[PDB]
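Trainee:
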Amino acid sequence: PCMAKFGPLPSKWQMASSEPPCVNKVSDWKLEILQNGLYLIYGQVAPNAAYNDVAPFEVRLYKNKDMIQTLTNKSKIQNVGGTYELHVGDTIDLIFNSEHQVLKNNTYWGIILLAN
Amino acid sequence: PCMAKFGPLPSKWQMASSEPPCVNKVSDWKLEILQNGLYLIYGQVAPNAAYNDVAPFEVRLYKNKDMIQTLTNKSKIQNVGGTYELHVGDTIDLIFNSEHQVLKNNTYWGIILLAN
Amino acid sequence: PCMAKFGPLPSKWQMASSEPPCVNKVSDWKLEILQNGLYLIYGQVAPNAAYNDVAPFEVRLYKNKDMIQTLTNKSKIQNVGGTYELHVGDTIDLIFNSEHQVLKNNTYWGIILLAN
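Those sequence lines, one after another, are chains A, A' and A''. A prime marks a further copy of an entry chain. Position 103 of the first sequence, counting from 1, maps to 159 under the deposited numbering, and the rest follow consecutively. Position 11 of the second sequence, counting from 1, maps to 67 under the deposited numbering, and the rest follow consecutively. Position 20 of the third sequence, counting from 1, maps to 76 under the deposited numbering, and the rest follow consecutively.
#1: Using a threshold of 9 Å, state whether the C-beta atoms of A:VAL79 and A:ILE167 are closer than that.
#2: Can you give the beta carbon distance from A'':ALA60 to A':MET59, rounded, assuming they're within the 8 Å contact cut?
#3: A:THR139 CB to nearest chain A'' CB: under 9 Å?
#4: Check whether the region 136 to 150 of chain A and the region 111 to 120 of chain A touch, using three or more Cβ-Cβ pairs below 8 Å as the test.
#5: Does A':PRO66 have its Cβ less than 9 Å from a Cβ in chain A''?
#6: Check for me: the beta strand (DSSP E) holding A'':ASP122 runs from which residue to which?
#7: If we define contact as Cβ-Cβ less than 9 Å, is A:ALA171 a contact residue for chain A''?
#8: What I want to know is whether the C-beta of A'':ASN153 ends up closer than 8 Å to one or more non-hydrogen atoms of the ligand SAM.
#9: Would you report the Cα separation of A':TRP69 and A'':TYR140, rounded to the nearest angstrom?
#10: Could you name each continuous beta strand (DSSP E) segment of 3 residues or more that falls completely within the region 108 to 165 of chain A'', going from the start of the chain to the end?
#11: Can you have a look at A'':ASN161 and say buried or exposed, based on whether 16 or more other CB atoms are within 10 angstroms of its CB?
#12: For A':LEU150, decide whether its Cβ has a neighbour in chain A, counting only Cβ atoms nearer than 9 Å.
#13: Along the region 85 to 108 of chain A', where does the CB come closer than 9 Å to a CB of chain A? Name the residues.
#14: If you measure between the beta carbons of A':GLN100 and A':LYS130, is that distance less than 9 Å?
#15: Just list the residues that DSSP pairs A:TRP85 with in beta bridges.
#16: Taking A':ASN135 as the query, report the chain A'' residues whose CB atoms sit under 7 Å from its CB, ordered along the chain.
#17: Along the chain, where does the beta strand (DSSP E) containing A'':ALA72 start, and where does it finish?
#18: Should A':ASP122 be flagged as near chain A, meaning a C-beta pair shorter than 9 Å?
#19: List the residues of chain A'' whose Cβ lies closer than 8 Å to the Cβ of A':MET59, in chain order.
#20: Compare the C-alpha of A:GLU114 against each of A:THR126, A:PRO57, A:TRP85 and A:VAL144 and name the closest.
#21: Give the range of the beta strand (DSSP E) segment to which A'':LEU96 is assigned.
#22: May I ask you to list the residues that DSSP assigns as paired with A'':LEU169?
#23: From which residue to which residue does the beta strand (DSSP E) around A:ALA106 run?
#24: Using a C-beta to C-beta distance shorter than 8 Å, which residues of chain A'' count as neighbours of A':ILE168?
#25: Below 8 Å CB to CB, which residues in the same chain sit around A':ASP84 once its five sequence neighbours on both sides are set aside?
#26: So, is A'':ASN108 buried or exposed, given that buried needs 16 or more other C-beta atoms within 10 angstroms?
#27: Could you tell me the alpha carbon to alpha carbon distance between A:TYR95 and A'':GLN91, rounded to whole angstroms?
#28: Taking the straight line between their C-alpha atoms, what separation do you get for A:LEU169 and A'':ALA106?
#29: Measure the alpha-carbon distance for A'':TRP165 versus A:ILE133 and round it to whole angstroms.
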């Protein structure tokens, strides 16, 4: 298989592939696509109960520079992901409005190559 | 593969795995997870046309004790499921408000292990 | 694998299977199911920026004669698809309200057999 998955704590990016790898870590929560194909992304955002700062609650999934998903509901643990045909050089990014909006001991996301 | 699928009538739970099984029937509509991994759930709820009791229309998918999905629309045959990384001891449950809210000759849901 | 995918331009229907094929082109955007099973559909609709005719914006995905999906948002590039257990003789169709509602140089959809 080719899959990777960022989070949750105590972990960060972890990966499983053959050679060559289909994807590659770019940084926390962010990943780069090295092989064209059919990818299921998946993951869940569990909002943090206590959060009380000014910033509104929103979590954003990016495909490169484009938002591909928004998470607005601040009480449901929500699912992130979907089936995406991605191309080389493609990035993917989960981006929380505050850092403390979210329970990192329990929030994360990941990716699996399904086909070519 | 590892997959199972409850419904629709005339069937109930049916299963396909290797040894050991990744999941296991707990009861009608309810299933237990025996192997950690990446699961696609899927299935559809076709609301029953004639339904006229007092109880409001809602169908609920549970991951263990938590609602992971709600079905409110009572005219669309709706899709249930999603991509979920589940863990051992995890249950999953489809729970219709009335029993007669739904066309059981045509409603069901299922699961497939995608990876580890 | 068994997968097929219509679009985008300069391409049309393209296919990859073993023998026998699990699906078959019926015509542009339209496909027929020849093997029962678990199918992920996927694809994206990128609305066309300039579109100014009278017809309201809506794109519809059909399973046979039934709408299984509606695309109403005319500014988001939207995802189409989902996990579907389909049966033999089943068709699938993406149907744009106008033809010029959409950027065909960048809109499409596809299908992959996951299991039996």
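We treat Cβ as the ideally placed atom computed from N, Cα and C, and that holds for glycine.
Mentor: To lay it out plainly:
#1: yes
#2: That belief does not hold up - the Cβ atoms of A'':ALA60 and A':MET59 are roughly 22 Å apart, past 8 Å.
#3: yes
#4: They touch, by the three-pair rule.
#5: Chain A'' contact via Cβ: absent.
#6: 122 to 127
#7: yes
#8: Ligands are entirely absent from the displayed structure, and the ligand SAM is therefore not among its contents.
#9: 18 Å
#10: Here the runs fully enclosed are 115 to 119, 122 to 127, 134 to 142 and 147 to 152.
#11: exposed
#12: No, no contact with chain A.
#13: Only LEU94 and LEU96 from the region 85 to 108 of chain A' bring a Cβ to less than 9 Å from some Cβ of chain A.
#14: For A':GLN100 and A':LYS130, no; Cβs fall outside 9 Å.
#15: None, per the DSSP bridge assignment.
#16: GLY138
#17: 69 to 72
#18: yes
#19: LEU94 and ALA171
#20: Ranking the options by Cα distance to A:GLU114, first place goes to A:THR126.
#21: 93 to 101
#22: A'':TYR95
#23: DSSP places A:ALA106 in no beta strand (DSSP E); its state is neither H nor E.
#24: Going along chain A'' in sequence order, the residues near A':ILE168 (Cβ under 8 Å) are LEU94, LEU170 and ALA171.
#25: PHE62, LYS68 and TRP69
#26: exposed
#27: The alpha-carbon separation between A:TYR95 and A'':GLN91 amounts to approximately 23 Å.
#28: 35 Å
#29: 29 Å
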